[PDB]
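Participant:
Residue numbers (the numbering used here): 55 to 157.
(1) So, helix, strand or coil for residue 107, using DSSP?
(2) Could you check what DSSP says for residue 139 in three-state terms: helix, strand or coil?
(3) What would DSSP say about residue 113, mapped onto helix, strand or coil?
(4) Hey, residue 143 and residue 149: beta-carbon distance below 7 Å or not?
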């Protein structure tokens with residue numbers, strides 16, 4: 055003949071089954087996306103590692119050194135034509151001798 059549907063430890067083992075049932079419920083209700091959202095064959099990788107110098111990118115560099123002496127030209131004309139800043143004072147007025155000439 056069994057013990058009662060009525061002991062304190064029987065109620066505590068039902069209380070444990072209830073705490074687990076609340077866990078299975080919250081843990082389900084929060085809606086995490088499941089495993090295998092990306093490919094399971096999606097291997098580990100490295101970072102980006104962008105090109106280094108070679109012979110051909112060296113010879114573009116010798117032509118960059120060329121395009122640099124014409125960039126010296128394109129800088130002076132940079133001032134003459136890309137810069138559109140108005141004068142402070144007139145080309146002949148700036149040379150009036152009892153004050154400093156100021157471009």
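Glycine is no exception: its CB is placed at the ideal position from the N, C-alpha and C atoms.
Facilitator: The short version:
(1) Along the chain shown, one-based indexing puts residue 107 at 53. Reduced to three states, the DSSP call for residue 107 is coil.
(2) Along the chain shown, one-based indexing puts residue 139 at 85. In the structure shown, residue 139 falls within a coil segment according to DSSP collapsed to helix, strand and coil.
(3) Position 59 of the chain shown, counted from the start, is the residue given in the question as residue 113. It is helical.
(4) In the chain shown, counting from the first residue as 1, residue 143 sits at position 89. In the chain shown, counting from the first residue as 1, residue 149 sits at position 95. For the 7 Å CB-CB criterion, residue 143 and residue 149 do not form a contact.
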